[PDB]
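Here the structure comes first, spelled out in structure tokens, and everything after it is commentary.
Number of protein chains: 2
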Amino acid sequence: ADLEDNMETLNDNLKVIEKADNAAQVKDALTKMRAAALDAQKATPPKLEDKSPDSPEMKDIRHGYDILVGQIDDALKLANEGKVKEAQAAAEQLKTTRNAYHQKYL
Amino acid sequence: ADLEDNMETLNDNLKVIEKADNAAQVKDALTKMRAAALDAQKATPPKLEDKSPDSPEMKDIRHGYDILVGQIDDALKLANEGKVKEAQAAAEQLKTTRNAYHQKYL
Ligand code: HEM
Ligand code: HEM
Ligand SMILES: [Mg+2]
Ligand SMILES: [Mg+2]
Ligand SMILES: [Mg+2]
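Residue numbers (full-length UniProt numbering), protein chains in the order written: chain U, 23 to 128; chain R, 23 to 128.
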């Protein structure tokens with residue numbers, strides 16, 4: 023899957039976690055967002071096509087995703103304990119990384 | 023070095039930044055710090071030895087460092103812009119991150 027597909031998989035699943043009632047739904051959604059994130063990371067965004075492999079940017083965007091996966095595990099750890107609400111909440115913090123990094127790379 | 027040294031390097035250098043009066047000292051300290059972090063991140067803390075690298079824990083431990091590294095980077099950039107005060111101020115935010123993950127794994 024490509025970046026356009028990765029982001030799409032992310033957006034959709036964060037939606038699902040909103041409409042989610044039971045724990046499981048929330049888990050399968052994150053499992054998916056964690057896969058997508060890592061993949062997205064292995065990619066090179068159109069605004070960085072020229073940027074060098076180790077450009078400070080390439081390191082920034084890189085780290086960004088590590089923060090996203092980090093926050094996904096946070097909510098994943100919770101969905102696992104069966105704690106919906108808490109995960110759903112912890113899942114919102116993700117919009118903050120989205121905005122912070124989109125602002126810089128979208 | 024071992025997790026005992028890396029942290030030594032962090033506690034040592036962090037304080038250096040507080041007593042420093044010019045950007046230069048700050049940047050050098052932060053640079054050393056950034057290293058130590060990436061290093062501590064690669065080791066397994068005693069309290070987590072018998073754990074699995076896929077364990078919820080290792081993920082949270084993994085993340086903490088990512089948070090810290092990002093913070094060292096945000097203060098490092100300010101120092102490269104000569105904001106000795108804004109830089110030190112940012113550095114302060116590191117403690118918050120330490121007290122938090124030390125509670126869980128120290
Ligand atoms: C889970 C939170 C996130 C959501 C819901 C999300 C959602 C989206 C959506 C809907 C798009 C538009 C895709 C299109 O129009 O084809 C997009 C694009 C993009 N996102 Fe995210 N995103 C998230 C997190 C991130 C993060 C953390 C990064 C960077 C570390 C990132 C980097 C990008 C980039 C570079 C694009 C533009 C792709 C292109 O130019 O085709 N996104 N994202
Ligand atoms: C840059 C802010 C930090 C400072 C100044 C700091 C400082 C220290 C100091 C002085 C020690 C005691 C070492 C010893 O007694 O030998 C220590 C231990 C430790 N720190 Fe940090 N630390 C920081 C951040 C972190 C973070 C983010 C983590 C999260 C993984 C962490 C995890 C640990 C652990 C697990 C130990 C115990 C080592 C042991 O006794 O085996 N520290 N830290
Ligand atoms: Mg996908
Ligand atoms: Mg004092
Ligand atoms: Mg940053």
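Where is the CB? At the ideal position from N, CA and C, for every residue including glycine.
For residue 79/R, the shortest separation between its Cβ and any heavy atom of ligand 2 does not lie below 7 Å. Ligand 2 has a heavy atom closer than 7 Å to the beta-carbon of residue 62/R.
Selection 52/U, 83/U, 57/U and 50/U evaluated against residue 66/U yields 83/U as nearest (Cα-Cα).
Distances from the CB of residue 86/U to the heavy atoms of ligand 1 include at least one below 7 Å.
For residue 124/R, the closest Cβ of chain U is not nearer than 8 Å.
With contact defined as three or more Cβ pairs closer than 8 Å, the stretch 114-128 of chain U and the stretch 54-62 of chain R are not in contact. Residue side-chain check: residue 92/R places its Cβ nearer than 7 Å to a non-hydrogen atom of ligand 5. The closest heavy atom of ligand 5 lies less than 7 Å from the beta carbon of residue 96/R.
For residue 84/R, at least one C-beta of chain U is nearer than 8 Å to its own C-beta. Considered as a whole, the stretch 77-104 of chain R harbours 78-101 as its complete alpha helix (DSSP H) runs of no fewer than 4 residues, in chain order. A direct Cα-to-Cα measurement between residue 106/U and residue 113/U gives close to 10 Å.
For a Cβ distance threshold of 8 Å, residue set 85, 88, 89 and 92 of chain U lies close to residue 88/R, ordered along the chain. For residue 118/R, the uninterrupted alpha helix (DSSP H) segment begins and ends at 106-127. The criterion of a C-beta distance shorter than 8 Å is not satisfied by residue 41/U and residue 98/U. Closer than 8 Å at the C-beta level to chain U, one finds these residues of the UniProt region "Disordered" (60-82) of chain R: 78, 81 and 82. Secondary structure of residue 24/U (DSSP, three-state): coil. By the Cβ-count criterion, residue 104/U is exposed, with fewer than 16 other Cβ atoms from all chains shown falling within 10 Å of its own Cβ.
Setting aside the 5 residues that flank it on each side, residue 108/R is surrounded in the same chain by 100, each with a C-beta closer than 7 Å to its C-beta; the list follows chain order. Counting only residues of its own chain and dropping the five nearest sequence neighbours on each side, residue 69/R has a CB closer than 7 Å to the CB of 127. Per the coordinates, the alpha-carbon of residue 54/R lies some 29 Å from the alpha-carbon of residue 78/R.
Relative to the non-hydrogen atoms of ligand 2, the Cβ of residue 120/R comes within a distance shorter than 7 Å of at least one.
Residue-level contact by beta carbon fails for residue 49/U and chain R, as no gap is shorter than 8 Å.
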